[PDB]
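Here's the structure we're looking at; comments come further down.
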Ligand SMILES: CC(=O)N[C@H]1[C@H](O[C@@H]2[C@@H](O)[C@@H](O)O[C@H](CO)[C@@H]2O[C@H]2O[C@H](CO[C@@H]3O[C@@H](C)[C@H](O)[C@@H](O)[C@H]3O)[C@@H](O)[C@H](O)[C@H]2O)O[C@H](CO)[C@@H](O)[C@@H]1O
Ligand SMILES: CC(=O)N[C@H]1[C@H](O[C@@H]2[C@@H](O)[C@@H](O)O[C@H](CO)[C@@H]2O[C@H]2O[C@H](CO[C@@H]3O[C@@H](C)[C@H](O)[C@@H](O)[C@H]3O)[C@@H](O)[C@H](O)[C@H]2O)O[C@H](CO)[C@@H](O)[C@@H]1O
Ligand SMILES: CC(=O)N[C@H]1[C@H](O[C@@H]2[C@@H](O)[C@@H](O)O[C@H](CO)[C@@H]2O[C@H]2O[C@H](CO[C@@H]3O[C@@H](C)[C@H](O)[C@@H](O)[C@H]3O)[C@@H](O)[C@H](O)[C@H]2O)O[C@H](CO)[C@@H](O)[C@@H]1O
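Residue numbers (PDB author numbering), protein chains in the order written: chain A, 112 to 709; chain A', 112 to 709; chain A'', 112 to 709. A prime marks a further copy of an entry chain.
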């Protein structure tokens with residue numbers, strides 16, 4: 112039986128003819144040709160005699176998956192399926208160029224992985240570093256070639272085995288695409304680990320068009336050893352994260368974990384849900400990462416996300432090295448709904464919607480951050496969380512614009528006294544920002560806008576309360592150490608009638624030539640005796656800076672009326688003309704709106 | 112011919128050898144192994160002798176599809192293809208655990224359906240209830256196990272046969288995922304029915320990570336019998352609807368159909384287009400649904416949708432049962448563009464962008480709704496639609512914030528007089544909301560903000576017109592039955608010069624100690640005779656509450672000038688100091704901005 | 112060997128039995144049946160004897176791909192794979208109905224293309240027109256049938272060969288879906304050409320539910336011959352573009368290329384990144400395109416995009432033909448972050464966030480554009496780019512509303528003097544729009560809001576600076592040729608103290624009966640001699656229109672004080688009552704806020 116021998120051999124399929132649907136005009140093929148149109152791990156998961164090996168906890172699938180990728184790479188590419196209904200364990204390190212990255216599998220250009228089954232790490236990796244899928248082809252990323260056109264997708268799962276880090280200095284990753292152009296991860300669930308990142312895109316600005324979409328990241332920090340975690344790190348331009356789910360349950364994640372970092376221009380983070388993390392996203396130009404795409408991170412978008420976090424939602428930064436200066440500009444943060452989860456005050460990093468963070472070494476005088484728009488977001492922190500702010504402004508800021516947000520937390524603008532002394536320019540807080548009332552009555556000894564800065568210039572703060580909080584010391588306070596110039600600071604009178612202090616300038620900074628200010632105050636006045644039109648003058652002489660003032664109080668009297676409006680005099684008194692129906696010296700205490708140049 | 116017999120048998124493929132692309136290092140397989148990597152309905156759509164059966168209107172495909180799902184379930188899962196180019200009819204009910212749900216097909220964990228062809232309901236189902244795909248495994252959902260990792264996707268179609276409901280009490284559904292974790296529907300067209308829902312996600316808070324993406328829902332209500340319709344009902348957290356299309360053509364849909372309901376925390380509805388529906392989305396915490404995820408619906412997002420509807424866009428609610436109280440908070444509604452379609456006034460449910468709706472029994476004193484941000488939306492209703500409002504505020508409200516919207520409809524804030532008397536707290540209407548002019552000249556007898564409430568506290572209404580409408584009775588009216596306290600109510604003077612009434616307080620509520628108000632009014636004044644500085648006093652004594660007023664009128668006179676600014680007196684007169692170049696009693700009628708504590 | 116003959120024949124696979132996974136309950140099939148479940152180009156890419164032909168630059172694959180589409184069409188449809196690891200060249204025109212469209216491949220209903228490999232145009236097409244994939248079935252689109260349920264998707268590539276246009280009048284396209292219902296392109300990279308469009312959806316309003324998602328468009332203009340380019344043209348309703356990437360590198364693209372055009376109702380452009388283009392999106396109702404969906408483009412959404420462009424971001428338009436009038440309304444532009452790329456002033460079309468453009472023939476008196484909301488966007492242009500505006504308002508406008516944007520460019524509102532004279536209604540510029548300072552000191556001879564119109568009615572401009580720019584001639588200027596009525600124009604005083612001109616009305620238009628205005632000015636006053644309450648009067652008589660004015664200056668004097676507030680007199684003087692502690696004629700120069708009816 113010669114024909115029998117061929118048919119039963121591995122070339123058997125190549126001798127059975129086939130023509131699509133018996134169509135006379137279709138290609139006369141062999142069964143093997145049609146089967147060759149697809150490829151799976153089963154086609155490489157075999158022993159040296161070619162007998163298929165069943166996957167399992169006792170089998171290391173690494174070499175077989177690598178053989179599949181290497182082969183498909185050699186044919187110009189394709190898509191390898193990792194079959195559903197099986198768990199495929201990885202139990203050794205890869206070799207060659209990915210060894211320097213603690214790599215397991217080496218990705219190759221044009222070779223996609225359709226992961227329908229589960230990929231699981233074996234206990235070999237317990238307490239060890241690892242990067243599961245690596246797209247670099249050299250231990251030195253600077254000498255690595257590119258990875259192009261590599262997509263990982265499916266309904267499958269990458270499971271990191273639950274193993275803790277062995278040492279804080281170790282690094283662990285799921286997918287490092289490397290110097291990556293047109294690469295993506297879609298649909299995959301990454302779970303059950305203690306890792307540094309789940310996915311990294313690009314390398315120091317090298318790369319383009321890399322995306323993470325519709326992925327889940329679940330419980331990826333689990334130990335006190337883990338130094339730091341950011342689930343997706345975007346280090347190439349024209350790249351981003353969309354429609355993903357991020358969840359952590361460990362206490363440690365609330366102190367160290369961030370969902371996304373955006374580190375190059377034209378990058379985005381949109382439409383995603385975050386729970387249990389410390390931080391939402393870093394948006395930062397690191398000078399050390401400026402090689403591939405320049406020293407500017409611009410066109411940065413964080414939009415339409417949903418988050419419960421314990422520290423800061425968006426952290427802005429930029430820094431310098433010996434020879435390069437990083438710049439961050441043209442950022443939009445819009446449409447996000449964010450809360451600080453239930454926690455004790457000071458039990459996690461300081462709660463904030465926006466943080467202007469110092470560099471990794473703690474320097475606050477290196478940053479060049481400007482042209483940032485924060486608009487149409489909602490932020491909430493529970494009433495007990497003292498450490499919650501719309502913005503913690505902890506390093507030099509060259510501009511940030513807030514319009515039409517709803518911020519319901521302890522502070523609006525904050526920086527800790529006796530820490531950094533930021534230089535602030537072009538901070539714009541529009542009157543359309545609504546200040547919520549959750550923290551009313553909690554603010555004893557506190558200033559709602561606590562302006563603990565070296566200096567403030569070209570800034571606008573338009574304070575509008577929407578309910579009373581008589582516990583606060585002031586709506587806005589500038590310590591004497593903070594210079595203030597070419598700025599507009601206003602406090603709307605609504606809900607302020609009973610406040611002893613509204614705006615406080617501890618160095619009398621509101622007297623500056625180009626400071627435009629208005630706020631309520633209580634003023635004692637006394638009139639002359641004259642019947643008829645009669646002047647009223649303030650008893651105090653603290654108003655040399657006031658350009659006009661007007662009454663916010665009713666007049667309980669019949670026989671006279673104080674002035675509706677006032678100007679000042681050289682000695683610092685207010686003066687206006689009221690009316691004595693009957694003569695007599697009058698004395699009244701009136702609530703006035705004090706105005707300077709507005 | 113022994114070998115011939117084996118090759119022609121069903122085990123024939125298992126005797127033909129194959130090795131991928133003749134690669135010496137690839138697995139030596141059999142053709143059957145490679146074919147076994149995929150699975151379709153054809154592999155189960157056969158008679159008892161194993162002969163394939165062709166689908167068609169005369170064939171019930173249910174048992175075969177169920178057999179396929181049951182089998183793949185037993186192997187740890189996979190994806191069953193429902194082939195393109197065929198219509199597969201379902202013509203009987205399923206059995207076992209899904210019978211209590213009028214179920215047709217029972218879904219099982221890890222078994223995906225790739226629907227490329229059409230699934231059609233046979234006339235067996237005419238006038239009957241049905242739920243086409245059911246993920247519960249018990250008639251009692253409380254005793255049901257979970258459905259996990261079940262995805263339905265493809266370019267295919269579920270067609271409900273056009274059959275009307277037989278009775279209003281019947282229920283019909285397309286996909287009920289059940290107690291559903293990591294389940295989704297993507298790409299599918301659901302059409303041609305009279306159903307209650309197309310898709311339901313979760314059960315009373317049990318479930319997670321369920322999504323509906325890139326689906327179409329077309330003509331899914333067609334009869335007067337249909338009691339109610341919501342196309343997608345999201346009843347588990349961390350779930351949502353994205354990039355879907357919803358269309359109805361029936362008149363009945365304009366009165367009963369909603370596109371989406373969001374009923375648990377961290378849920379979303381984004382980027383979708385709606386036409387022909389009554390309602391856009393319910394966003395509600397039902398106490399009766401609080402078992403799986405708690406009694407709070409928070410982190411609720413409705414964003415970037417496009418809608419033509421006939422009733423209300425977003426309906427907020429919360430309610431209670433004997434032992435549980437539902438709460439709704441931390442909601443964002445942003446970036447939506449919505450219109451009321453062409454219709455006669457009062458011909459469908461009352462038109463609204465936001466509705467604060469009573470509970471199912473009509474109770475308006477059970478709701479706990481707060482921390483809602485409505486920002487950056489546009490709403491339009493044609494000029495004839497009397498029943499159109501930015502917000503219909505019909506039940507107790509604990510807070511809602513409007514910033515930077517464009518509302519072009521009959522009313523801004525409305526509630527019907529002599530219906531409910533809501534208790535209102537923390538209603539914030541920022542001055543950045545633009546009020547359109549489509550309904551100018553239509554408002555005879557109407558108040559633009561009709562404050563028909565029991566009480567209003569800690570609220571802000573900053574009215575800014577952008578064109579004249581002298582037909583309206585007032586910009587804002589508070590009936591004497593509505594208490595008003597700790598609130599700010601302002602009417603900007605632009606386009607108001609000719610209005611007889613701007614703000615109306617029928618119980619003189621603007622006199623409250625912590626009410627901050629400003630609005631224009633016309634006032635008659637008379638001066639004393641004195642040459643020189645001379646007082647002017649109002650003829651009326653209705654101004655005991657005014658803290659200051661200033662002129663909005665020019666002075667046509669040469670020989671005198673009235674005061675630019677006024678205060679009040681104990682008897683309720685305004686008083687200010689003007690100037691008589693020549694003596695004489697003066698009498699003038701002036702438009703003033705009346706101010707209280709602002 | 113009779114059995115051998117059958118097995119080796121093209122019917123061989125139809126004689127080898129198969130039963131899925133040896134399941135006794137599965138269908139007893141033949142291998143051919145299972146292989147027949149899929150279909151690829153390999154099944155048709157053969158010679159007349161049925162021998163497979165290898166693709167390559169020397170092989171025209173067109174006829175084979177067409178045969179595949181024609182065949183699958185005949186079976187009710189399916190998905191044809193274009194295999195990965197191969198480049199498939201097209202080298203001739205198609206025949207029949209697509210010839211009138213210079214068509215290569217004719218698409219057919221229900222036949223999807225899964226493009227995993229590359230499709231490349233051969234040099235046959237150099238200097239020639241072409242439309243690669245055409246869904247029309249007639250040379251005359253008006254006589255064409257529909258294309259339904261056609262999806263093109265995959266990780267593959269359409270490469271236009273780099274060939275330049277041969278003549279400016281030629282047209283080139285990638286995918287013309289035609290009269291297209293439920294058609295889409297997903298994941299595909301279109302690159303390396305000189306084309307008119309990459310994708311067109313619909314035809315003159317005929318079509319529905321067509322989408323372009325997750326596609327890349329790279330370097331699709333390369334010559335001075337190319338007349339015009341818009342990458343995706345949306346010409347059917349309920350359709351749009353989402354999550355796409357658009358990049359150009361040619362200088363010509365900066366002058367002629369637009370990323371998207373939206374031309375019918377309920378269409379969108381979202382979540383996309385654009386670099387190197389002239390324009391972002393046209394949003395236009397062309398009367399010539401009103402056949403299929405009506406003469407109104409409404410529910411138009413441009414949201415959450417990222418762009419670097421050289422001309423205009425969003426261009427609005429509508430026009431008329433002999434018998435049809437186009438209307439554009441109900442548009443939202445929100446959440447976009449856009450910059451003008453580095454370029455010399457006037458070196459590309461005039462930079463703008465919004466352009467109200469004239470029609471194709473240059474007519475500016477045909478447009479009906481209204482109910483547009485522009486909110487929560489950021490725009491930046493470098494300081495040297497004189498030709499940069501938030502809005503270039505160059506044709507009649509019936510309404511546009513700006514709320515809560517950040518605009519950092521040369522002009523806010525602009526139209527060139529001595530060009531068109533638009534009639535403007537319902538232009539609303541809310542005070543929540545933040546005006547950036549990049550162009551401070553660059554504005555010599557320029558007006559920030561340059562109101563070069565025939566007339567302005569029912570409009571609001573609330574100017575708020577956030578830093579000083581004393582170079583500008585004025586904040587807002589109306590030439591005498593521009594009528595102004597029923598409008599509100601205000602200039603906030605912050606950063607204006609040193610400006611000689613704030614608001615300028617060259618025809619004294621601010622005196623209109625229903626003009627509501629406020630702005631700062633410097634005024635010289637002189638008092639009478641009288642000790643005590645004493646009048647101050649302006650020296651100039653230019654204030655007959657002023658209803659009130661108040662001091663923006665401090666009083667450096669001890670012996671007297673000028674009035675805090677003023678009204679006017681019939682002769683055009685201001686007058687107020689100040690106070691002389693000691694008698695004497697006083698003379699002062701004061702900065703006042705002039706107010707009319709506000
Ligand atoms: C400036 C820089 O090194 N950037 C890295 C980036 O590094 C981050 C750093 O920005 C900071 O965020 O903290 C974390 C700590 O978790 C990172 O630092 C750690 O990792 C870097 C990167 O690691 C090296 O380079 C990789 C490409 C190799 O695969 C890896 O084996 C290792 O050689 C390391 O230099 C630090 O010492 C370590 O603390 O990380 C991103 C994402 O991986 C990378 O793109 C960028 O170059
Ligand atoms: C409190 C509650 O029952 N919630 C149901 C939800 O029910 C809605 C209800 O919220 C209201 O919206 O009106 C509609 C009417 O169209 C619904 O009520 C109708 O359906 C419910 C649910 O049906 C039962 O439970 C299902 C899980 C079974 O499959 C079904 O066979 C039936 O036993 C019913 O109790 C009402 O009497 C009926 O009027 O509906 C959602 C979505 O299905 C569900 O998740 C939730 O538990
Ligand atoms: C009114 C109109 O013709 N609309 C066309 C649309 O045409 C655009 C036009 O709106 C303008 O934008 O400039 C460009 C120039 O690049 C277009 O005009 C050019 O193309 C049109 C359309 O071409 C004809 O009709 C197609 C359906 C055929 O496939 C083609 O072979 C040709 O017969 C042409 O009439 C102009 O003369 C030419 O300058 O284009 C869109 C998208 O294709 C189309 O849907 C709409 O009908």
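Every residue gets a Cβ at the ideal spot worked out from N, C-alpha and C, and that includes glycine.
For residue 402(A''), the shortest separation between its Cβ and any heavy atom of ligand 3 does not lie below 7 Å. Chain order gives no chain A residues near residue 156(A'), where near means a beta carbon separation below 7 Å; the closest approach is about 18 Å. Within chain A, the residues placing a beta-carbon under 7 Å from that of residue 519(A'') are 482, ordered along the chain.
The Cβ neighbour count for residue 373(A), taken over all protein chains shown within 10 Å, is at least 16; the residue is labelled buried. Between residue 281(A) and residue 245(A), the C-beta spacing is not below 8 Å.
Identification of chain A residues near residue 414(A') by a Cβ-Cβ cut-off of 8 Å yields 415 and 446, ordered along the chain. Around residue 579(A''), the same chain offers 606 as residues with beta carbons nearer than 6 Å, after the five sequence neighbours per side are excluded. Taking each of 262(A), 449(A) and 619(A) in turn and checking the Cα distance to residue 442(A'), the smallest one comes out for 449(A).
Any Cβ of chain A closer than 8 Å to the Cβ of residue 233(A') would place that residue at the interface, and such an atom is absent. Within the segment 666-682 of chain A', contact with chain A'' at the beta-carbon level (separation under 8 Å) is assigned to 666, 667, 668, 669, 672, 673, 674, 675 and 676.
Considered as a whole, the segment 541-598 of chain A' harbours 558-561, 566-568, 571-574, 585-589 and 594-596 as its complete beta strand (DSSP E) runs of no fewer than 3 residues, in chain order.
If you check each beta-carbon in the segment 123-144 of chain A'' against every beta-carbon of chain A', the ones closer than 8 Å belong to 126, 127, 128, 129, 130, 131, 132, 133, 134, 136, 137, 138, 139, 140, 142 and 144. Collapsing the DSSP output to three states places residue 212(A'') in a helix. Against chain A, a Cβ distance below 7 Å from residue 644(A'') picks out 644 and 688. Put simply, of 388(A), 666(A), 575(A) and 232(A) the residue whose alpha carbon is nearest the alpha carbon of residue 283(A) is 232(A).
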